[PDB]
Structure formats: structure tokens, C-alpha cells
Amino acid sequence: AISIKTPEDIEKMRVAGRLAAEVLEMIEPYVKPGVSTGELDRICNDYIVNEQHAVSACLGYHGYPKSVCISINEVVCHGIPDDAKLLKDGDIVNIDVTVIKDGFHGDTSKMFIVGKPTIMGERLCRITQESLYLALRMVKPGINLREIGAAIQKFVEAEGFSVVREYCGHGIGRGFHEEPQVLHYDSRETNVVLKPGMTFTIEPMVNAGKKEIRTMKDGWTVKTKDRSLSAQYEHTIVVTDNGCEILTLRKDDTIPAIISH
């Protein structure tokens, strides 16, 4: 039940994906000690609406109250911007951005470290990005999606870290979240053979301590159960005849947009 995208659809996703990447490029010099997450969010929302002529897919999405997700330290995902929440030296911060343009979605996220890195922070974020690039390099027609989760998990566990189970990447298009579910670990539950024209995200969430998570009073916010740090990165891709094209590359990404086999 995955439907593929036409060349006209894929080009609309290049546009939306580039816009999402550019938000993350735009926000970087604002991410420093003492800025609030609430300020960061309004800066991004203004940019999307009034500079990019587009709209945040997050804003109002099934109740989600802000325009981007901002998760710090032990928060794994869905962290909600708050004018009371000030960044501090050593914090690790994810910002996930999803833009809709001309009816198509582009979703991406990265980590930013505030001030001077802690040793554990620097290593966690690096391992997490490397786990994603390892997965991107596997994508091509005829492989099973299950291989990708298995590879991510093996790599991450060899570094003495854990892979979050309950949240995952996803198909993406005219909708924010479509088939398939993209697990970051090995599971019987995955059985999907990639074909050209499929679009989806990969977005591993890696914990420093154990894998288990808990859900907060606000509903949305997910933290680590052992209160260790957690990190994530994401890109949106399209499967090509011989590999993949990454649709959300930033200038600070260290991999080409096309991967060929």
C-alpha cells in the first residue's frame, strides 16, 4: 500500500525539502546561551510564513501547539518550545522542521550543541549523524527496509549506545506521515521492498543510556526513562533507479545529495 511519486511530485518535494533545510541553516546563529526555545520557534515560523511563502506542517497538527519541535538533552522528540526554556552551555538541542509548499512536505532535523560541548554530548551527536549517513548509503531499489534498521542498530550499539523503539521515521508526501513506518532497529514487523519513486524519512533517535522512554504530562513530550541524553538527525529521501536522492541537504552536511550504486 505505498504509492510512488511521479517526477512532477518529486520536484515539488525538492522545493519543500530545500525550504526545510534552509530553516535549519537560517536558525543556527540564533542558537546560543540564554535564548528561549519560544524565541527560536517564533523566528522559524516568521521565516517560513513571511520569507519562504510557505507553512509549517507542525503548527496545529493534531493539536501540536508550535511551529517546530525543539528537544534538549534527555528529551527524545516532540519537545515543545517555551518562552521560559533558556538554552544553556553544554546543552544538546534538536530542531525538527517540516514545511509544506505547493501541497508537498519536507521534514528534516539536526543537533546543535550550545557553547562548549561536554564529552558525552559531542560523541552522542556524532554517532547519531553517522548512523543516519550509514542508512542513507544503503537506500536503493530492491532492498528491504528492514536491512536499514538492522544496520542502524548494529552500528549504534557497537558505540555503546541505545536505539529508541517506540518512535520512527515515516513515508511523507502530500501527507506529513504516510506509509511506510521506518524503524531504526531490526524487527520482524518490517517487510517492505524499496522501489523508485518511494519517498520517506530516516530519523534515528539514539540514547546515551538505555533505550526506554516515557511520555510527559503534556502528552507530546517524550523523555528518556533513565534520564540519559538523547539525540537525533533526519533527512527526507526519494528512492531512484540506482540509489537515492536526499532532498533536505544543508551546506554543513558531509555527503552528496545523490547516492549511486
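In case it trips you up, residue 1 is the first one in the sequence shown, and so on.
key: Comparing 188 to 196 with 201 to 209, the one whose average Cα B-factor in the PDB entry is higher   = Comparing averages over the C-alpha atoms only gives 188 to 196.
ask   = Which wins on mean Cα temperature factor, 215 to 223 or 229 to 237?
value = Stretch with the greater average CA B-factor: 215 to 223.
ask   = Going by the deposited entry, which of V49, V35, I43, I70 has the highest CA temperature factor?
value = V49 has the highest C-alpha B-factor of those listed.
message = Highest recorded C-alpha temperature factor, please, choosing from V182, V164, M138, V93.
response = Checking the PDB record, the top C-alpha B-factor among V182, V164, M138, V93 is at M138.
request  = Taking the chain's C-alpha temperature factors as the reference, tell me which third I4 falls into: lowest, middle or highest.
outcome  = Highest third of the chain for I4's C-alpha B-factor.
ask   = What third of its chain's C-alpha B-factors does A54 belong to: lowest, middle or highest?
value = According to the entry, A54 has a C-alpha B-factor in the chain's middle third.
task = Within this chain's modelled residues, let me know which third the CA B factor of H105 belongs to: lowest, middle or highest.
result = Tercile = lowest for this residue's CA B-factor.
message = Please say which third, lowest, middle or highest, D253 falls into when its CA temperature factor is compared across its chain.
response = Its C-alpha B-factor belongs to the lowest third of this chain's values.
query = So where's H78 on the chain's Cα temperature factor ranking, which third?
reply = Middle third, going by the recorded CA B-factors of the chain.
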